[PDB]
Amino acid sequence: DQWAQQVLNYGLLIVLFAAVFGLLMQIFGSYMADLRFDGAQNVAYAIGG
Amino acid sequence: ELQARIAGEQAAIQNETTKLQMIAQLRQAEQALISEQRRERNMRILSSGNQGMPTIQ
């Protein structure tokens, strides 16, 4: 029983991190690829973001 | 006449000395200009008058 429980636990773990971390990395990539260091965007604002 | 000519030659050499001094002063002045332009660029990049953002889309 405990082996079955652990298998279910780590399957849930892979599912949750797969979906959530994929979403978070896609959002972060879009945001920070948009980032540019020039005279248009306040650098403090962008770094804080 | 040769005394006078040599005296004029010393005058020309003195004028060359003056020219060298002014060239040195100009070189230092334009180094100062370059530093000022560097400060202008780093002030433009870092300025707080900007408001744009990297967008999410």
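- cryo-EM is the method the PDB entry states for this structure, with the resolution given as 3.7 Å.

**Considering the pattern of salt bridges**
Residues and elements named next belong to chain B.
Part 1 of the reasoning: Following the criterion strictly, the structure yields 3 salt bridges over all chains and no others.
Part 2 of the reasoning: The partner of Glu 9 in a salt bridge is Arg 5, with the nearest N and O atoms 2.4 Å apart. In this pair, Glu 9 and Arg 5 both sit in helix α1 (residues 2-46), 4 residues apart, roughly one turn of the helix.
Part 3 of the reasoning: For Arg 39, the salt bridge is made with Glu 36, and the minimal N-O distance between the two is 3.8 Å. Placement of both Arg 39 and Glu 36 in helix α1 is noted, with a separation of 3 residues, approximately one turn of the helix.
Part 4 of the reasoning: On the basis of relative accessibility, which here comes to 45%, the residue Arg 39 falls in the partly exposed class.
Part 5 of the reasoning: Note on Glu 36: relative accessible area 41%, which makes it partly exposed.

Procedures and definitions
Residues numbered from 1 in each chain as written, not as in the entry; some residues may be left out. Chains lettered and ligands numbered in written order. Part of a larger assembly, values for the part shown. Heavy atoms only, no water. Residues with missing side-chain atoms left out of burial classes, pairs and counts. Salt bridge = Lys/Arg side-chain N within 4 Å of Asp/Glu carboxyl O. Helix = DSSP H or I, 4+ residues; strand = E, 2+ residues; numbered from the N terminus. Buried < 20%, exposed > 50% of the residue type's maximum accessible area, 1.4 Å probe, protein only.

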